[PDB]
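Next comes just one chain, in structure tokens: the form deposited in one PDB entry.
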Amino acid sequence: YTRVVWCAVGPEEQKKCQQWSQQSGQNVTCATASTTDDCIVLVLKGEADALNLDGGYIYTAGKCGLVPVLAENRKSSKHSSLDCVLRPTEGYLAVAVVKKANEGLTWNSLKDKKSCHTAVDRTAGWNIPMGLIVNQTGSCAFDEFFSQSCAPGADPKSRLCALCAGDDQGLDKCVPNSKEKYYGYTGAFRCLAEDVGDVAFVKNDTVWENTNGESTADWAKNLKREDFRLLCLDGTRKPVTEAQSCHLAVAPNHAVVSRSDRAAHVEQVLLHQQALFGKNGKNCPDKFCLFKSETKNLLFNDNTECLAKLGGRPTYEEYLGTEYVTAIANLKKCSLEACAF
């Protein structure tokens, strides 16, 4: 009864959740799903209590009645005096990244190039870029803009999946979990880094966390920030240090969602779990760090300082903000009220 059930997406997050469970003395327990969507369903059904979601997915969840509870918060210079849990959430930047070596490639020369997406329905990896591409294009046939792509979640036999690779064996191609080589913020960036795609739609933080020896993963080891560039909307290319004047949009933080009739009990049990396994907990270094998964963003983004109270009891539209909610609406008519389930 004072026990939360977490939904994990893919085998790798189940292994992280079970590990969390053991350390929690069953205060927390796990359910597994092959995708975020089924995870949401499990939550509607009541078979699981919560998960942490990217904005794009929250939108979905919110039509189905789920509610944002706590948000991911990361480090900052502004607001310093404030404790992380109470500090407001700053947001994150969706940027388009390309190889410097790849000269002359601008936002305007994107037609027919190869693209790398975090996964379909996500904010930075999908909703923003295609939103804009649709708008500028007048067409809804965004499935034809890029000659080939890796957009996890799309029809595997489509070209949107042409660039995805599956796991060790090439099984599970294009599934939207971390089983797919190019899935998620990291996969997407790995996709470009290895020159599979010409372009990767990921957040700003991702370029910085995988270059200049920040990641140590064999494909990330030798990567150098200066070999990358950002695509601006004025069709101009800037270094990755100019994110603030060359981004596609600022996204709302990933956050934990739950059923409204459970939000209270999830919030409660969670803040206490963060006291223990969070950035500065009784047991982080030593036994288990909720926000570490080694460059993999499992359960939570790896750069999370803490999970923050929301303050102002946000309904999801409010949490996502009117700007973003519209950009999502206009995109969805291509392919306005429901529970997609």
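Basically, rigid core = biggest C-alpha set you can superpose within 1.5 Å across the two forms. Only residues modelled in both forms are compared. A residue's number is simply how far along the shown sequence it sits, counting from 1.
In this entry, no coordinate-free residues of the deposited sequence separate residue 2 from residue 3.
According to the PDB record, 91-99 carries the higher mean C-alpha B-factor of the two stretches 247-255 and 91-99. Mean C-alpha B-factor is higher over 272-280 than over the other stretch, the pair under comparison being 299-307 and 272-280. In this structure the maximum Cα B-factor among 76, 127, 178, 115 is found at 76. The maximum CA B-factor among the listed residues 29, 52, 293, 35, taken from the PDB record, is found at 293.
When all modelled residues of the chain are sorted by CA temperature factor, residue 287 is found within the highest third. For residue 183, the recorded CA B-factor ranks within the lowest third of the chain. Only modelled residues enter the ranking. Split the chain's modelled residues into thirds by C-alpha temperature factor. Residue 225 is in the highest one. Residue-level temperature factors show residue 25 in the highest third of its chain, judged at the C-alpha atom.
Split the chain's modelled residues into thirds by C-alpha temperature factor. Residue 153 is in the lowest one.
One more form of this protein should be noted, the form solved in complex with a partner chain, which is absent from this view; the next part is about it.
Each of 37, 59 and 329 is positioned with at least one heavy atom within 4.5 Å of the partner chain in the bound PDB entry. Residues placing heavy atoms within 4.5 Å of the partner chain in the bound PDB entry fall in a single listed stretch, namely 63-71, out of 307-315, 291-299, 63-71, 274-282.
Identified as moving between the shown form and the other one on the superposed core is the stretch 77-79 alone, made of at least three consecutive residues whose Cα atoms shift by 2 Å or more.
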